[PDB]
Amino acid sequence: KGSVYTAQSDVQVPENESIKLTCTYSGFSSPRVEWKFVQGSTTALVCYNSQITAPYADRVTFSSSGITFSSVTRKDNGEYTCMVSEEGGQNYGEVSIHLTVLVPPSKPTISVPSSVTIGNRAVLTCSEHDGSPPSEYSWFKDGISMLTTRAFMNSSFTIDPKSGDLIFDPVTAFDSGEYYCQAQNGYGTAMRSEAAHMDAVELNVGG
């Protein structure tokens, strides 16, 4: 019959740069090429009847071998599906391409409670929302990297690299110290946050 394929189904490209989403096909004579963009629940047509649609006409150019973006932004992340059909609908084929627009992580912020009551729970947060793909996190206490393997077994802590949560349950006097974190996503350079000190006392905090 007729096949439809792509050179790269997982495309990564820095923000603001040009990129061509390729879609090759063979076995067609009078093909109708269409493209759709899926992000979450939103479904938009980029190309209809071999023609770039209105909302994309200002930066997307059509060609029989794929669509070229003169520039992409983080808002373009998602999957693009190239749909090729022989005029009449007898022969059909399609191929999906996931686009990831690269953006290095921004300086993350941290939430470290100045005072916590020993025996209770304490969650220190670390995050940034600009990185693409999403950043992973790591923590430090008084300059020591908490995981390299734990920096010390003397604490009942847990760290979730994906959310960035540093969890102390229960918190002990030993957990008192200066903490800061860093975010990285394999692109650009890792960024560190500001440091913050946490004091662990014996009685209830907050009066």
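Counting begins at 1, following the sequence as shown.
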- Query: Do any residues of the deposited sequence lie unmodelled between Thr148 and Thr149, and which range holds their number: none, 1 to 3, 4 to 9, or 10 or more?
  - Reply: 4 to 9
- Message: Comparing average C-alpha B factors as deposited, tell me which of 186-194 and 15-23 sits higher.
- Response: 15-23
- Query: Hey, which bit's got the bigger mean C-alpha B factor in the entry, 63-71 or 35-43?
  - Reply: 35-43
- Task: Go through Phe168, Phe28, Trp139, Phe152 one by one and give the residue whose Cα B-factor in the PDB entry is largest.
- Result: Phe152
- Task: Using the B-factors in the PDB entry, rank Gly89's C-alpha atom against the chain and give the third, lowest, middle or highest.
- Result: highest
- Item | CA B-factor placement of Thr172, once the chain's modelled residues are sorted into thirds | middle
- Which third, lowest, middle or highest, does the CA B-factor of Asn49 fall in along this chain? lowest
